[PDB]
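Below is one structure, written out as C-alpha cells; the observations come after it.
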Amino acid sequence: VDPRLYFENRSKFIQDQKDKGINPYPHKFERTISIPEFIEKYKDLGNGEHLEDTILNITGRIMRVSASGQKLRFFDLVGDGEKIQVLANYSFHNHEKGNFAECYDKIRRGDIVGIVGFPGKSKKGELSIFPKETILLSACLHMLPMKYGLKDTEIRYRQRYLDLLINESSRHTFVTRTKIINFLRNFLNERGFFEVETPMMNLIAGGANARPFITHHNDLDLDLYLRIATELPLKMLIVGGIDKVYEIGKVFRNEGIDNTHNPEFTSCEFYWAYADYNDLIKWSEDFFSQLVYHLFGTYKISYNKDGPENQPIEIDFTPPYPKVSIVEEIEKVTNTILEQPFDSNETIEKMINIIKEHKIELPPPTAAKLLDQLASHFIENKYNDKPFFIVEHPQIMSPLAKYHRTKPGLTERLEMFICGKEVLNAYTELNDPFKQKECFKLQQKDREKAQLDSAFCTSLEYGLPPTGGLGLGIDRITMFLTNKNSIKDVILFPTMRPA
Amino acid sequence: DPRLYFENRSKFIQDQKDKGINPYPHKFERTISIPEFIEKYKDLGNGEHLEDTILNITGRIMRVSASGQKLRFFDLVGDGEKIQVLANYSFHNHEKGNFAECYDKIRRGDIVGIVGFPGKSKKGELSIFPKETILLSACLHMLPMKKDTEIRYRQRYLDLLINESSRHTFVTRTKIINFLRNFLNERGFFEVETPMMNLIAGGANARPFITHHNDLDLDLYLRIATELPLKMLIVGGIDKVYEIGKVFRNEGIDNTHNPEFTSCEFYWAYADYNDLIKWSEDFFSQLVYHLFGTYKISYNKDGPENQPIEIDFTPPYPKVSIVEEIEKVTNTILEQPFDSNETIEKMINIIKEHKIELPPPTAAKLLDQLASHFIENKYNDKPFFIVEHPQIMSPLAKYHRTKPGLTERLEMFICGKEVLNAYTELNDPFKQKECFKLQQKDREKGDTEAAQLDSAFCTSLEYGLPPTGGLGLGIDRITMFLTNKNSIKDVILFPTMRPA
Ligand SMILES: C[C@H]1CCC[C@H](Cc2cc3cc(O)cc(O)c3c(=O)o2)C1
Ligand SMILES: C[C@H]1CCC[C@H](Cc2cc3cc(O)cc(O)c3c(=O)o2)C1
Ligand SMILES: N[C@@H](CCCC[NH3+])C(=O)O
Ligand SMILES: N[C@@H](CCCC[NH3+])C(=O)O
C-alpha cells in the first residue's frame, strides 16, 4: 500500500486517542508472568482445556492479526523470542471495560499490548491467552517489513531492531555472541586471571601495526589516539605484579572496512607470566575445543564459507591443530630460499619478483608487508576443515615478540586461522628492553620510508618477567560459531556508509 | 645517583651477554606459586626443612641482606604475598658457579627463578632454601621505597609493586563489576555492546570527543552514554538489556571526573520509576554486604587528615524532590515554565545573592547548580535519592504521571557525588521530538553540552517502545566510596594525564 499514509493515519490515531482522553502510552502495566514462563506453565495443558479461574496479566508485541468474524479475534503475541496465540472471544470479554469490537478493531500488527486474561488451549491444541481486556501500551506507527524485505538489504544493519523482531535467527546469533564472551570470561577467571580496564585514549597508539583514530581533549589541550590494541598497558601491569591479567573490550583501527573488518571491534588479550609460546599453543587448543563443545555438544560444525547458496564446509575443532612455519612453508610452496636478513635488498627483490610472477598485488613494499602478502596468498588457506597455526614469524614481522630460542631471525609467535581468517595472535613476550628499543628504532626507519612509547620502554627497564601473551578477535570467532559471512552480522550496529 | 645505578645495571646486562649467559631466559617452569607456597607450608615446625622436596619457584626480589660469607637473605614477593629466601652455602649447587658471585649479582627488584626446598627459619619465617638461583629479568632502576605523588598515576606498576593498598583497591574494583554483572545476569538481563563511535553523541548532556575515519572521510563522535542504542534494543524485543563499558565526555577533569570512565546502563521493559528505586536499594545494600559483611562502611570524605564518617547502606534510602526542596531551602517560588525568563532571572538572583558561581545560564544548568549547593549534601551518613526532576532537565525521561512539568526520574548521591541516574523512559515519539526540538533552542545559546537529536532513535520509537525503566551507574565513583578513595584517579589504573 502506501507506508507514508499508513504512518500519518496512525499518528492521527494517537492524537485522536489523546483528544478522547485515552492515554495511548500508559506509564505502568504490572505483568504477572512472561511469555516464556507462560509457555512453560501451560504447555502440558489439555487440547481444548481452559483455566478460566486463573487470571493473568501478560504483555507482548502483536505480530499477527486475523479474525474469524466480529466476535472471534486471533493474534500472535511475541516476547523474549517466543510466541503464543491470543484468542479474543466476545463471550469472555469484560464489557464493563468497553465495547469488544471497538477495542480489537484498533489493534495493528506491531502494537505492544497488556492483556488481562486466562490460560487455555484452543480446540486444535493451540496454547492461548484468552483476554478479558486488552490495553494498548505502545503503538507501532509504521508497517513492519516482511522477512523477504530484510533478506538481502542492509535494513538489518541500519534498523537492527526490525531484524531482531522479524528474524528469529538474529536473536540467536547475538545470544551466542554473549555466550561466547561469558565462556571466555569464566574460562580465564577460573584459571586465576584478573580482569582490568586499560585506557582507550592514549598519548601513543601501540601494540600492533595499524593506523589509529585521533581525537582531542579540549580542557587538557591534548591530542589523544584511540587504542589499536591493549598489549602495552597490559604488559606494564605484568611488571606491576598482576601475573595473570586480561581485558575484554573495544579496540579501534582506522583502516578499510569489509566483511572481516569493522573499525571498532572486540578483542580479548591476556598476559600470563612465566608462560611461553608452547603454553599459548596448548591454551589455544584447549580453549577453542572446549568453547565449541560448550556451544554445540560436538567438536565439528558446519560453516557456509561460500555463502548460503553454496554448500557448507565442516570445521573440526578436535585438537591438536597443525602448526606451519611461515618462512619454511613459503619457501616450500614457492620453491625459493629466503636468505636472512629478510629486509636485505636481496631478499626483498626476491620476494617482490615472486610476488610479480604469481600475479599478486605489491603492497609500501616492506619486507614485513611482503612476507604478509606471501603468507596471505600461499599459506593462510592451507587448511579449511580445521583451525591451524602459522608459527615462528620473523623478527621483522614481530617487533614485540621474543626471539626464537633456537632459530635465528625468527620469533616464538603463533597465529590461528579459521577458514583463512586470523582470529588469534600470541607469542613469547619480548622483555629485554635493549632488544625492544632496537625493534622500535627499526620500525621508525621503516616509518620514514607504530610509534614507540617511552612509558612502555621504561616499564620494561624495571623488569618484565618471562611472559606469554595472547589476543583473540571476538567478532571473527562469533562469525564462524554463528555461521555468518560478514562481521556486520555479529555486531548489533556495525559501521555503515551514512545514508 | 639513580642515573649512575641504571648505567651500571645496563652495562652489567651487556657484559653478561658478552660472557655467554642469557640474562633474559625464555622459559622457567614454576612448580608452585608464592600464594600456594605459603598456603601449603604454613603448617611447618620452627626450624624444620623439607630437604627431600625440591620446588621451582619464581618471584621478584624486594630486599637483599647478608650475614657472613655463607648466608644471604631475600624477600621474594608474588601475587601480593611474600616469602623469605635463605641462600646457604651448605646447600648451594657449586657446579653452577661461585656462591658469592652468584648472589652478589642480585639486586632489589630482580625477577628470579629458584630451585630449592621448603623450610622455616630458626625464628619462624617461612622460606625457600635455594640450591640454584637464576636471574630471569633484572630491574635496571632503583625501586623506590613506600611513592606518594603523581608517580602512582604515570607509573602504576610501581604503585602496584610497593603499595599493598593499591592492589586491594583494584581487586575490589573488579569484584564490584563481577557482582554487578552476576546481579543483572541472574535477573535475566542480556549483556550487549553498542557503538562507541557514532554520527551523533546522544543520551546525556555532555560535550563529546570527535574523531575521523579516513577511508570513509567521515567525522565520528565518541559516545557520551549508551542510552539510545540500548532503548533501540528494547524496541527490538530484548526486554532486559544492559552494557558495562567505557563512555567518553570532553569535559573538565577533577577528583570525580576522568575524560573516559566506566558506566553500566540497563533497560528493563514494563518496569518504571518505582521498580528502579527498588533495584537501587537492593543492588547497593547487597553489594556492600557482599564486600564487607555489613551495610555500614567507613569513608574519609574530608581526606585521611580528617576524621572519617559512617555511611549506612541499609535500605530504604531517603527520597528528596528537587524543585520542592530547593523552594523550601531557598524560600522562593520557582514558577513553571522553569525555562521562562522570569524563573531564570530569579534562579540567577538566588545564585548571585548567595555568592555562588553562575554557570551559560540555562534553566536546566541553573536548577542543577541550585541542587548541588542546597540539596546534594543534605545526607552524608547514607545514600539518598533526588527525584522528580523537571522536564527541562531530562529530555529523555517520561513525564510525571501526576505532577505537571516533572518527570519520573531519580539520581542517587553518596557524599554529594552522583553515582546513579534512572527514570521511567519517555516512549511517546511525538513528545520526544518536542523535547529534542527544545534542547536545540538551548544549544543555540552556546550550550555545547546539549543533547543532539538522533533521527534514527526517533524512528525506532515510532515502531513502539514499550513502557520501560532504565538506569545508569557510575562504576568508578562507586569504587571510590567502597575503597575509601577521594579521587577517581585512585581507582583507574591509568588515568588521563599530560605527557611527561
Ligand atoms: C586483536 C587481534 C587478535 C587476533 C587477530 C585479530 C585481527 C583483526 C584485525 C582487525 C582489524 C580491523 O581493522 C577490523 C577488525 O574487525 C579486525 C578483526 O576483527 O580482527 C584481532
Ligand atoms: C553514566 C552516568 C550515570 C550515573 C551518574 C554518573 C555521572 C558521571 C559523569 C561523569 C562525567 C565525566 O566527564 C567524567 C566522569 O568520570 C563522570 C562520572 O564518573 O560519573 C555516570
Ligand atoms: N596486540 C596483539 C595481540 C596480542 C599479541 C600477543 N602479545 C594484536 O593486536 O594482534
Ligand atoms: N544516560 C544516562 C544514564 C541512564 C539514565 C536512565 N535512562 C546518563 O548518562 O546519566
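None of the figures in this text is laboratory data; all of them are computed from the coordinates on show. Positions of Cβ are generated from backbone atoms using ideal geometry, with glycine treated the same way; all protein chains shown enter the neighbour counts.
Numerical summary
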| item | result |
| --- | --- |
| Net lengthening on full extension, A:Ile337/A:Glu96 (0.36 nm per residue, minus Cα-Cα) | 77.7 nm |
| The stretch B:304-312 - phi-based ³J(HN,Hα) in whole Hz, Karplus 6.51/-1.76/1.60, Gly and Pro as x | x, 7, 10, 5, x, 10, 8, 10, 9 |
| Cα centroid separation - the stretch A:333-409 against the stretch B:117-176, whole Å | 41 |
| Charge dipole (debye, nearest 20) of the stretch A:1-148; +1 at Cβ of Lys and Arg, -1 at Cβ of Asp and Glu | 420 |
| Trypsin sites (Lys or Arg not before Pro) restricted to the stretch A:26-131 and DSSP loop, no more than 16 other C-beta within 10 Å | A:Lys43, A:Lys71, A:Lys106, A:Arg109, A:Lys123, A:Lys124 |
| At q = 0.13 Å⁻¹, base-10 log of I(q)/I(0) for the stretch A:1-148 (Debye sum, equal scatterers on each alpha carbon) | -0.59 |
| Highest to lowest packing among A:151-157, B:445-451, scored as the average C-beta count within 10 Å | B:445-451, A:151-157 |
| Phi to ³J(HN,Hα) by Karplus 6.51 cos²θ - 1.76 cosθ + 1.60 over the stretch A:57-73, Hz, x for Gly, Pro | 10, 10, 10, x, 10, 5, 10, 8, 10, 9, 9, 10, x, 5, 10, 9, 10 |
| Assigned charges on the beta-carbon of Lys, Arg, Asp, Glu; chain A dipole about Cα centre (debye) | 1620 |
| Coil-residue GluC sites (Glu not before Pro) of the stretch B:250-359, DSSP, other Cβ within 10 Å capped at 15 | B:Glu305, B:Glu335, B:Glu357 |
| Average other protein chain Cβ within 10 Å of Cβ, residues B:74-86 | 1 |
| √(5λ) per eigenvalue of the Cα gyration tensor, the stretch B:93-238, largest first, Å | 52, 22, 16 |
| Charge sum, other residues only, whose C-beta stays under 14 Å from A:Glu309's C-beta, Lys/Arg counted +1 and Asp/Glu -1 | 0 |
| Distance between modelled label sites at B:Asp104 and A:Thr178, nm, 7 Å Cα→Cβ extension | 6.4 |
| Three semi-axes of the equivalent ellipsoid, chain A, Cα gyration tensor, whole Å, largest first | 57, 24, 23 |
| For peptides B:217-228, A:15-26, sequence by mean Cβ density within 10 Å, most packed first | B:217-228, A:15-26 |
| For the protein assembly as shown, diffusion coefficient by Stokes-Einstein and Kirkwood Rh (Cα), 25 °C, 0.890 mPa s, µm²/s | 77 |
| Residues A:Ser169 and A:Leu51, FRET efficiency given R0 of 45 Å [Cβ-Cβ distance, rounded to 0.05] | 0.85 |
| Cα→Cβ-extended label distance, 7 Å offset, between B:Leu71 and A:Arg447, nm | 5.4 |
| Average partner coverage of B:181-193, which counts Cβ from other chains inside 10 Å | 3 |
| Approximate spin-label separation A:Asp316-A:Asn23, in nm, with each point projected 7 Å along Cα-to-Cβ | 6.4 |
| Environment charge of B:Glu39, counting only residues whose C-beta is closer than 14 Å and scoring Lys/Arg +1, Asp/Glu -1 | -1 |
| Karplus-derived 3J(HN,Hα), 6.51/-1.76/1.60, for each residue of the stretch A:403-411, Hz, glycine and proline x | 4, 5, 5, 10, 9, x, x, 10, 10 |
| Candidates per chymotrypsin sites (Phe, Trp or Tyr not before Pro) in the stretch A:5-65, loop by DSSP, up to 13 other Cβ within 10 Å | none |
| Electrostatic dipole magnitude of the protein assembly as shown [Cβ: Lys, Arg +1; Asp, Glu -1; Cα centre; debye, to 20] | 460 |
| Average other protein chain Cβ within 10 Å of Cβ, residues B:462-474 | 5 |
| FRET efficiency, B:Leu216 to B:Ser455 (Cβ-Cβ, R0 30 Å, nearest 0.05) | 0.95 |
